[PDB]
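> This is the structure, below, for whatever I ask next.
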Amino acid sequence: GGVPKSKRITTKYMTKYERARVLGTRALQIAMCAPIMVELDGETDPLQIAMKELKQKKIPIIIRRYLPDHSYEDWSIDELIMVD
Amino acid sequence: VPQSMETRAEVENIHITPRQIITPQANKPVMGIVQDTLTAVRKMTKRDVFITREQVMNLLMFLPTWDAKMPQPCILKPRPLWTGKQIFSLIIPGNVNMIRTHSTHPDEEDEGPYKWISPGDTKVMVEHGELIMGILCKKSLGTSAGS
Amino acid sequence: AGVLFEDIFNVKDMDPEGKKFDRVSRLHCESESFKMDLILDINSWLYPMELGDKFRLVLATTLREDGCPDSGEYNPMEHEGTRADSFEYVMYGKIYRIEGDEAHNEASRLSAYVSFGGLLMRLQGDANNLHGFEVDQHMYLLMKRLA
Amino acid sequence: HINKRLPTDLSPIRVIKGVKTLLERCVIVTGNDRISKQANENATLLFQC
Amino acid sequence: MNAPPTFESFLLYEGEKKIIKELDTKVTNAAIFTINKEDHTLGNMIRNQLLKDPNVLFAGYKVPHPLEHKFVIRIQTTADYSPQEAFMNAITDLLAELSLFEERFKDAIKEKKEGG
């Protein structure tokens, strides 16, 4: 059930339940020595690297939001807008 | 202790204390200033509390968010003296504006001519993130809504 | 230069409802040149007063005699050689509200409320004698007892 | 630093346009359908008031 | 079972510098001096000798924790006088003052014992 991009009716604002898991998964990926997309300013805790590369929205994670009718919408990181 | 660091990220982004300040049960804070800390907040905002340069100097280093810009004293001559509201003003950050009343506020004061100048220092006014008027209590620095 | 208000005052009332603070005296005063009415909060122990006394009062925007504004920060150097040397009571604060005509009343009656950290000033009278007063403006009070 | 004793430069037509743009941009139930619009002004009725 | 040793309140560990100087960046000519393994005594002496100096504008000690024997002093002066030189003059004046205290106490004990 691939929902088209113009057909997506979910919200365009990424909530904190997505934020925690994307931050943890990306920091874990960096913890297995993934390439870091942005410049490093001496940070050694990869969770901090996960935030400071989430600021420029350069994280390759596709969020598969599940609708109640067993259909799924794929949302990218840069399509969603940071809010806190 | 979390044994996976993505769960540690979940603790940081969800389970941390400052992200859980306001309850969804009754839209109120759950932590508050209590016991002798609240008692000395009540006793420190009083109008007769005139505090010297040395004592506010002692109180200065316990504000790590301070911008190292000390205020001009309320009393300049003959002795430089501060007050309790002037040093609680440094604690309050940002733009904070607030109207409440003390628990010992008379009801006849609000319709009188002294509703904006209280002899008893009861109505509590905060303007622009600095403490201006009133003595704080459980109503202003507690778990109640609108604090 | 910068003297927004300048008058001699006489005290007519001392604690009309009772003394609620140990170190704060509340005074009711009237002038002689411009018919003003004033409610004063001062330090009681530092500078004691009694009923019927006379005091010279200057309300200015800065302590600099050339009219230039101050730096806004306290230093223990620049308090002598200025306009504060001719007065024994030098306060520094900010006006928080101005009452009177507002929007829908005549401008023959005006009032200004000044907060010195908890000490309260109510200066009320004619609006043309209260020129230069605005909301959230820093203010200097100079006061000297007279025989 | 708004002065409450000085004249302002805010026209009421700009105020009404800002309120209308606010109420158009503050949506909860999305969609151009009649049911979606009815739920949109049913969810935000007290906020609009 | 988790009781700390009682000699750690006055003894530095291996490779532990007593005085750590940190340059403050909020204002100019300001520094923070961190001194370990001591208490409010030396900080109070340094502070109340510094407060007599008109050349200083900021001199203050703080103990962050009663369980951690460590205290910090923030000193800011004018732009003609170092905070480190201010602290040096403070401890020099303290040493001179309590040397005068030692000799006046010795003279007092001598005259009280000889006077009977």
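FYI, nothing fancy with the structure tokens labels: chains A, B, ... in order, residues from 1 per chain, ligands from 1 as they appear.
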Pull out every residue of chain C sitting within 12 Å of chain D, counting only C-alpha atoms, and send them as a list in words.
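That gives residues 96, 97, 98, 99, 100, 101, 102, 103, 104, 105, 107, 110, 132, 133, 134, 135, 136 and 137 of chain C for chain C.
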> Can you tell me, as JSON, numbers by chain, what residues are no more than 12 Å from residue D:45 when counting only C-alpha atoms, ignoring any on the same chain fewer than 3 positions away?
{"D": [23, 26, 27, 28, 37, 38, 39, 40, 41, 42, 48, 49]}
> Mind dumping the selected residues with N, CA and C atoms as a short mmCIF file (atom, residue, chain, number, x, y, z; two decimals), in the first residue's frame?

```cif
data_model
loop_
_atom_site.label_atom_id
_atom_site.label_comp_id
_atom_site.auth_asym_id
_atom_site.auth_seq_id
_atom_site.Cartn_x
_atom_site.Cartn_y
_atom_site.Cartn_z
N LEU D 23 -6.90 32.37 11.59
CA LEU D 23 -7.92 31.33 11.68
C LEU D 23 -7.90 30.40 10.47
N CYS D 26 -4.61 28.16 11.30
CA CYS D 26 -4.67 27.35 12.51
C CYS D 26 -5.71 26.25 12.28
N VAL D 27 -5.27 25.15 11.68
CA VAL D 27 -6.15 24.04 11.36
C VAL D 27 -5.77 22.85 12.23
N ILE D 28 -6.76 21.98 12.46
CA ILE D 28 -6.56 20.75 13.21
C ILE D 28 -7.00 19.58 12.34
N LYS D 37 -14.08 20.21 6.67
CA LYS D 37 -14.26 21.60 7.06
C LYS D 37 -15.19 21.73 8.26
N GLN D 38 -16.26 20.93 8.30
CA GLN D 38 -17.18 20.95 9.43
C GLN D 38 -16.49 20.52 10.71
N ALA D 39 -15.65 19.48 10.64
CA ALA D 39 -14.86 19.09 11.81
C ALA D 39 -13.79 20.12 12.15
N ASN D 40 -13.31 20.87 11.15
CA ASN D 40 -12.31 21.91 11.40
C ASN D 40 -12.89 23.06 12.21
N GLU D 41 -14.05 23.59 11.80
CA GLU D 41 -14.67 24.61 12.63
C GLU D 41 -15.40 24.06 13.85
N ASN D 42 -15.63 22.74 13.94
CA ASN D 42 -16.16 22.19 15.18
C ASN D 42 -15.07 22.00 16.23
N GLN D 48 -11.63 30.02 17.91
CA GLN D 48 -12.05 31.10 17.03
C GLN D 48 -12.81 32.18 17.80
N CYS D 49 -13.67 31.76 18.74
CA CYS D 49 -14.41 32.72 19.56
C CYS D 49 -13.48 33.53 20.45
#
```
> Check the smallest atom-to-atom distance from each of B:115, B:128, B:47, B:102 to chain C using only C-alpha atoms, then report the winner.
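Ranking B:115, B:128, B:47, B:102 by distance to chain C, first place goes to B:47.
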> Starting from chain E, keep only residues with some atom at most 10 Å from an atom of chain C, counting only C-alpha atoms, and report them as a list in words.
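Result, ordered by chain then number: residues 54, 55, 56 and 57 of chain E.
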> Deliver the residues from the most recent selection as a file, using C-alpha atoms, as a PDB file, in the first residue's frame.

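Output contents, as saved in part.pdb:
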```
ATOM      1  CA  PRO E  54      39.073  49.562  45.808  1.00  0.00           C
ATOM      2  CA  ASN E  55      40.811  48.275  42.655  1.00  0.00           C
ATOM      3  CA  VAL E  56      38.680  45.108  42.558  1.00  0.00           C
ATOM      4  CA  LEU E  57      35.053  45.031  41.418  1.00  0.00           C
TER       5      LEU E  57
END
```
> Show me, as a list in words, the residues that have an atom within 12 Å of residue C:4 when counting only C-alpha atoms, minus same-chain residues fewer than 6 positions from it.
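Near residue C:4, the qualifying residues are residues 57, 58, 59, 60, 61, 62, 67, 128, 129, 130, 131, 132, 133, 134, 139, 140, 141 and 142 of chain C.
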> Store the residues picked out above, limited to N, CA and C atoms, as a PDB file, in the first residue's frame.

```pdb
ATOM      1  N   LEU C  57      13.290  67.322  46.862  1.00  0.00           N
ATOM      2  CA  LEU C  57      13.241  66.135  46.022  1.00  0.00           C
ATOM      3  C   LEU C  57      13.480  66.506  44.564  1.00  0.00           C
ATOM      4  N   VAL C  58      14.336  65.720  43.913  1.00  0.00           N
ATOM      5  CA  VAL C  58      14.658  65.856  42.498  1.00  0.00           C
ATOM      6  C   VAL C  58      14.508  64.486  41.849  1.00  0.00           C
ATOM      7  N   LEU C  59      13.666  64.403  40.827  1.00  0.00           N
ATOM      8  CA  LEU C  59      13.476  63.183  40.054  1.00  0.00           C
ATOM      9  C   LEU C  59      14.110  63.407  38.689  1.00  0.00           C
ATOM     10  N   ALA C  60      15.191  62.682  38.413  1.00  0.00           N
ATOM     11  CA  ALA C  60      15.978  62.874  37.204  1.00  0.00           C
ATOM     12  C   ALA C  60      16.112  61.564  36.440  1.00  0.00           C
ATOM     13  N   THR C  61      16.667  61.663  35.231  1.00  0.00           N
ATOM     14  CA  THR C  61      16.896  60.489  34.400  1.00  0.00           C
ATOM     15  C   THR C  61      18.302  59.918  34.533  1.00  0.00           C
ATOM     16  N   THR C  62      19.255  60.697  35.041  1.00  0.00           N
ATOM     17  CA  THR C  62      20.630  60.241  35.190  1.00  0.00           C
ATOM     18  C   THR C  62      21.306  61.071  36.270  1.00  0.00           C
ATOM     19  N   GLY C  67      23.718  65.566  31.186  1.00  0.00           N
ATOM     20  CA  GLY C  67      22.548  64.993  30.557  1.00  0.00           C
ATOM     21  C   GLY C  67      22.771  63.693  29.816  1.00  0.00           C
ATOM     22  N   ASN C 128       0.666  68.145  32.963  1.00  0.00           N
ATOM     23  CA  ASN C 128       1.684  69.009  32.375  1.00  0.00           C
ATOM     24  C   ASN C 128       2.926  69.121  33.249  1.00  0.00           C
ATOM     25  N   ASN C 129       2.807  68.840  34.544  1.00  0.00           N
ATOM     26  CA  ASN C 129       3.953  68.781  35.436  1.00  0.00           C
ATOM     27  C   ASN C 129       4.615  67.411  35.447  1.00  0.00           C
ATOM     28  N   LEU C 130       4.084  66.451  34.694  1.00  0.00           N
ATOM     29  CA  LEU C 130       4.609  65.092  34.641  1.00  0.00           C
ATOM     30  C   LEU C 130       5.101  64.753  33.239  1.00  0.00           C
ATOM     31  N   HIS C 131       5.693  65.732  32.559  1.00  0.00           N
ATOM     32  CA  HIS C 131       6.233  65.504  31.227  1.00  0.00           C
ATOM     33  C   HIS C 131       7.512  64.676  31.292  1.00  0.00           C
ATOM     34  N   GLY C 132       7.735  63.883  30.246  1.00  0.00           N
ATOM     35  CA  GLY C 132       8.917  63.057  30.147  1.00  0.00           C
ATOM     36  C   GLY C 132       8.817  61.701  30.807  1.00  0.00           C
ATOM     37  N   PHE C 133       7.709  61.405  31.483  1.00  0.00           N
ATOM     38  CA  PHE C 133       7.531  60.125  32.156  1.00  0.00           C
ATOM     39  C   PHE C 133       6.904  59.127  31.191  1.00  0.00           C
ATOM     40  N   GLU C 134       7.510  57.946  31.089  1.00  0.00           N
ATOM     41  CA  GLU C 134       7.021  56.907  30.197  1.00  0.00           C
ATOM     42  C   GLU C 134       7.171  55.551  30.872  1.00  0.00           C
ATOM     43  N   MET C 139      15.002  55.618  36.383  1.00  0.00           N
ATOM     44  CA  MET C 139      14.724  56.865  37.077  1.00  0.00           C
ATOM     45  C   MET C 139      15.625  56.968  38.299  1.00  0.00           C
ATOM     46  N   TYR C 140      16.026  58.195  38.623  1.00  0.00           N
ATOM     47  CA  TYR C 140      16.859  58.480  39.783  1.00  0.00           C
ATOM     48  C   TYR C 140      16.120  59.433  40.711  1.00  0.00           C
ATOM     49  N   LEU C 141      16.128  59.113  42.002  1.00  0.00           N
ATOM     50  CA  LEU C 141      15.493  59.918  43.036  1.00  0.00           C
ATOM     51  C   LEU C 141      16.574  60.504  43.933  1.00  0.00           C
ATOM     52  N   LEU C 142      16.539  61.821  44.122  1.00  0.00           N
ATOM     53  CA  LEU C 142      17.474  62.531  44.983  1.00  0.00           C
ATOM     54  C   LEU C 142      16.666  63.242  46.057  1.00  0.00           C
TER      55      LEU C 142
END
```
> Kindly provide, as a PyMOL selection string, the residues of chain E having any atom no farther than 10 Å from an atom of chain B, counting only C-alpha atoms.
chain E and resi 24-27+30+48+51+58-64+72-74+76
> Put those residues in a file: N, CA and C atoms, as a compact mmCIF listing (two decimals), in the first residue's frame.

```
# COMPACT_ATOMS: atom_id res chain seq x y z
N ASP E 24 37.56 33.77 32.50
CA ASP E 24 36.15 34.02 32.22
C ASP E 24 35.99 34.77 30.91
N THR E 25 34.94 34.44 30.17
CA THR E 25 34.70 35.02 28.86
C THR E 25 33.48 35.93 28.80
N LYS E 26 32.68 36.01 29.87
CA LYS E 26 31.51 36.88 29.86
C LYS E 26 31.91 38.35 29.93
N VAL E 27 32.85 38.68 30.82
CA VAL E 27 33.35 40.05 30.94
C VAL E 27 34.86 40.03 30.78
N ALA E 30 38.52 38.99 34.11
CA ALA E 30 37.88 38.15 35.12
C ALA E 30 38.46 36.75 35.06
N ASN E 48 37.59 38.41 52.21
CA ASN E 48 37.48 39.57 53.08
C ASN E 48 38.79 40.35 53.19
N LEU E 51 38.08 42.40 49.56
CA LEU E 51 37.02 43.40 49.58
C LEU E 51 37.46 44.76 50.10
N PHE E 58 34.97 42.61 41.75
CA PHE E 58 34.31 41.32 41.94
C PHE E 58 35.29 40.38 42.60
N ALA E 59 34.94 39.86 43.78
CA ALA E 59 35.75 38.85 44.45
C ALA E 59 34.81 37.97 45.25
N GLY E 60 34.67 36.71 44.85
CA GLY E 60 33.71 35.84 45.51
C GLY E 60 33.99 34.36 45.51
N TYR E 61 33.90 33.72 46.68
CA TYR E 61 34.12 32.28 46.80
C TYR E 61 32.79 31.55 46.91
N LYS E 62 32.81 30.28 46.49
CA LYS E 62 31.64 29.43 46.50
C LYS E 62 32.09 27.98 46.62
N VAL E 63 31.47 27.24 47.53
CA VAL E 63 31.67 25.80 47.67
C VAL E 63 30.52 25.11 46.95
N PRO E 64 30.76 24.39 45.85
CA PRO E 64 29.64 23.77 45.12
C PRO E 64 29.00 22.60 45.85
N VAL E 72 35.65 27.71 44.62
CA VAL E 72 36.04 28.56 43.49
C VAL E 72 35.86 30.02 43.88
N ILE E 73 36.75 30.87 43.36
CA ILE E 73 36.66 32.31 43.56
C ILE E 73 36.67 32.98 42.20
N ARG E 74 35.64 33.77 41.93
CA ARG E 74 35.59 34.61 40.74
C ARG E 74 36.06 36.01 41.12
N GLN E 76 37.09 39.76 39.32
CA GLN E 76 37.17 40.70 38.21
C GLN E 76 37.62 42.05 38.75
```
> Could you list, as a PyMOL selection string, every residue of chain A that has an atom within 9 Å of an atom of chain B, counting only C-alpha atoms?
chain A and resi 16-17+19-28+47
> Residues of chain C were defined as contacting chain B if any atom lay at most 8 Å from it, counting only C-alpha atoms; please report them as number ranges by chain.
C: 20-24, 26, 43, 72-74, 88-93, 113, 115-122
> May I have all residues of chain E that DSSP, computed from the backbone, assigns to helix (DSSP H, G or I), given as an NGL selection string?
:E and (40-50 or 83-115)
> Report the closest atom pair, with its distance in Å rounded to one decimal, for each residue of chain A that has an atom no farther than 10 Å from chain D; count only C-alpha atoms, sort by chain and then rising residue number, and write it as a Markdown table.

```
| residue | atom | partner | partner_atom | distance |
| --- | --- | --- | --- | --- |
| A:9 | CA | D:30 | CA | 7.9 |
| A:10 | CA | D:30 | CA | 9.2 |
| A:11 | CA | D:30 | CA | 9.1 |
```
> Within 8 Å of stretch 29-42 of chain B, counting only C-alpha atoms, which residues qualify if same-chain residues fewer than 2 places away don't, as a list in words?
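Here the answer would be residues 21, 22, 23, 27, 44, 45, 46, 135, 136, 137, 138, 141, 142, 143, 144 and 145 of chain B.
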> Take the selection from the previous step and output its residues with N, CA, C and O atoms, as an mmCIF file, in the first residue's frame.

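Result file is selection.cif:
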```cif
data_model
loop_
_atom_site.group_PDB
_atom_site.id
_atom_site.type_symbol
_atom_site.label_atom_id
_atom_site.label_comp_id
_atom_site.auth_asym_id
_atom_site.auth_seq_id
_atom_site.Cartn_x
_atom_site.Cartn_y
_atom_site.Cartn_z
ATOM 1 N N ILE B 21 7.426 18.389 33.090
ATOM 2 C CA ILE B 21 7.105 19.315 34.172
ATOM 3 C C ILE B 21 5.597 19.417 34.371
ATOM 4 O O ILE B 21 5.093 19.280 35.491
ATOM 5 N N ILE B 22 4.851 19.633 33.293
ATOM 6 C CA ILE B 22 3.414 19.854 33.381
ATOM 7 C C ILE B 22 2.692 18.522 33.243
ATOM 8 O O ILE B 22 2.912 17.780 32.277
ATOM 9 N N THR B 23 1.835 18.214 34.212
ATOM 10 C CA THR B 23 0.998 17.030 34.108
ATOM 11 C C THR B 23 -0.093 17.251 33.064
ATOM 12 O O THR B 23 -0.636 18.353 32.954
ATOM 13 N N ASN B 27 -3.277 20.003 33.987
ATOM 14 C CA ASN B 27 -2.488 21.077 33.342
ATOM 15 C C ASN B 27 -1.765 21.976 34.351
ATOM 16 O O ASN B 27 -1.764 23.205 34.255
ATOM 17 N N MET B 44 11.979 36.515 52.008
ATOM 18 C CA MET B 44 13.021 37.252 51.306
ATOM 19 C C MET B 44 12.462 38.329 50.387
ATOM 20 O O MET B 44 13.137 39.337 50.148
ATOM 21 N N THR B 45 11.237 38.161 49.894
ATOM 22 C CA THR B 45 10.599 39.142 49.027
ATOM 23 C C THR B 45 9.914 40.262 49.795
ATOM 24 O O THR B 45 9.281 41.120 49.171
ATOM 25 N N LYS B 46 10.013 40.263 51.123
ATOM 26 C CA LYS B 46 9.393 41.297 51.938
ATOM 27 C C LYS B 46 10.054 42.649 51.695
ATOM 28 O O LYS B 46 11.234 42.735 51.342
ATOM 29 N N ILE B 135 5.028 39.738 47.427
ATOM 30 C CA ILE B 135 5.742 38.673 48.123
ATOM 31 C C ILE B 135 5.263 37.335 47.577
ATOM 32 O O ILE B 135 4.059 37.123 47.386
ATOM 33 N N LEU B 136 6.206 36.446 47.291
ATOM 34 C CA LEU B 136 5.862 35.174 46.680
ATOM 35 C C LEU B 136 5.443 34.161 47.742
ATOM 36 O O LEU B 136 5.800 34.268 48.919
ATOM 37 N N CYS B 137 4.680 33.165 47.308
ATOM 38 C CA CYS B 137 4.101 32.187 48.220
ATOM 39 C C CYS B 137 3.797 30.911 47.437
ATOM 40 O O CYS B 137 4.329 30.702 46.341
ATOM 41 N N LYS B 138 2.957 30.051 48.023
ATOM 42 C CA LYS B 138 2.538 28.812 47.375
ATOM 43 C C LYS B 138 1.723 29.083 46.112
ATOM 44 O O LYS B 138 1.775 28.296 45.158
ATOM 45 N N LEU B 141 4.741 30.419 43.420
ATOM 46 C CA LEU B 141 5.855 29.507 43.180
ATOM 47 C C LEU B 141 5.527 28.099 43.658
ATOM 48 O O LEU B 141 6.337 27.440 44.314
ATOM 49 N N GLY B 142 4.331 27.621 43.335
ATOM 50 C CA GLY B 142 3.941 26.275 43.703
ATOM 51 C C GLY B 142 3.470 25.447 42.527
ATOM 52 O O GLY B 142 3.856 25.699 41.382
ATOM 53 N N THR B 143 2.631 24.452 42.802
ATOM 54 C CA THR B 143 2.122 23.554 41.775
ATOM 55 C C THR B 143 0.816 24.036 41.157
ATOM 56 O O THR B 143 0.258 23.335 40.308
ATOM 57 N N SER B 144 0.319 25.204 41.557
ATOM 58 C CA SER B 144 -0.941 25.710 41.037
ATOM 59 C C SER B 144 -0.783 26.198 39.599
ATOM 60 O O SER B 144 0.306 26.571 39.153
ATOM 61 N N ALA B 145 -1.895 26.182 38.870
ATOM 62 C CA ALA B 145 -1.905 26.647 37.491
ATOM 63 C C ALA B 145 -1.772 28.164 37.430
ATOM 64 O O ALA B 145 -2.234 28.889 38.315
#
```
> One decimal, Å: what's the distance from atom CA of residue E:84 over to atom CA of residue B:64, could you say?
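These two atoms are separated by 22.3 Å.
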> Quick one: pull the distance between atom CA of residue B:52 and atom CA of residue E:45, Å, one decimal.
18.9 Å
